[PDB]
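# Compute the structure for the input listed below.
(2 chains)
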Amino acid sequence: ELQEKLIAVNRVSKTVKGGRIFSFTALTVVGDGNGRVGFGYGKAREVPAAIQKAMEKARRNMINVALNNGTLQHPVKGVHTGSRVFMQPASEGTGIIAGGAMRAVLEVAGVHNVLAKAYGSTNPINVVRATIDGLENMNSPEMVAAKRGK
RNA sequence: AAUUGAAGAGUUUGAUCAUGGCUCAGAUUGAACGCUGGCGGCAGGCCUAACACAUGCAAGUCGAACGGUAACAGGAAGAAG
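Residues are numbered from 1 along each chain as shown, chains lettered A, B, ... in the order given. Structure as follows:
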């Protein structure tokens, strides 16, 4: 019931004294399938150590999302660095139809059938960060009615 | 009951993030070309030279408008084997 999946692995470099030194970065997202989404970055010298650090950071640093029946509630826009992201609840608008690196976080998030369209930059490290910010500041009808009295 | 509706990716760098262009994945067509080709249904078929046109048809009808008889088939009368 953990439901982990990796989005992006890259080879970064460092350029020391004698030549270059190549390191690998993972970027994974875990989530239970009912709210509870996390992402982790993690970087290491080989690929399986990188993904393992990424999963291990992603299992902690996990955020609650106030889902609807199987989906979002109201249309929400989350931004991070250069990466602007729209989402629309699509009240059984079948299938998760999101961009790459947004399909994954929305998939393990437990949502099933939203409509997305990322704008701006679509770097995978910042398009999540713009989905969680997004799903984090999406509030439910029992939270809005809690705030404003009824 | 009559709008249930939105996906990205590759490429600037030793690597990064951003900006930014180029390019790809889709659908479409009065299409052409290449390879191949069994049947049917429904549609479509000179986008260019509003260039030049052989030949055949594409606008005739009415005698219940009229003088009339060129034919065709009868009618009447005459003459002949």
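# Around RNA strand B, which positions in chain A sit nearby?
A:10-15, A:20, A:81-83, A:86, A:88, A:90-94, A:97-103, A:115-118, A:120-126 (Cβ under 7 Å from any atom of the strand). Heads up, the C-betas are built off the backbone N, CA and C, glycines and all.
# I'd like to know which of those residues are buried.
For these, a burial check counting by 16 or more other Cβ atoms under 10 Å picks out A:83, A:88, A:90, A:97-99, A:101-103, A:115-116, A:118, A:122-126.
# Out of the residues you listed, list just those in strands.
When DSSP state E defines the strands, the subset of those inside them is A:83, A:118.
# Looking at the buried ones among the residues of chain A next to RNA strand B, which are in helices?
Judged by DSSP state H, the subset of those located in helices is A:103, A:124, A:125, A:126.
# Report the separation between the residue lying closest to residue A:9 once chain neighbours are set aside and RNA strand B.
Nearest non-adjacent residue to residue A:9, counting by Cβ to Cβ, 6 or more residues apart in numbering: residue A:26, 5.3 Å away. Distance of residue A:26 to RNA strand B, computed by Cβ to the nearest atom of the strand, to the nearest Å: 13 Å.
# hang on, isn't residue A:26 packed against residue A:54?
Yes - counting by Cβ atoms under 8 Å, residue A:54 is a contact partner of residue A:26 at 3.9 Å.
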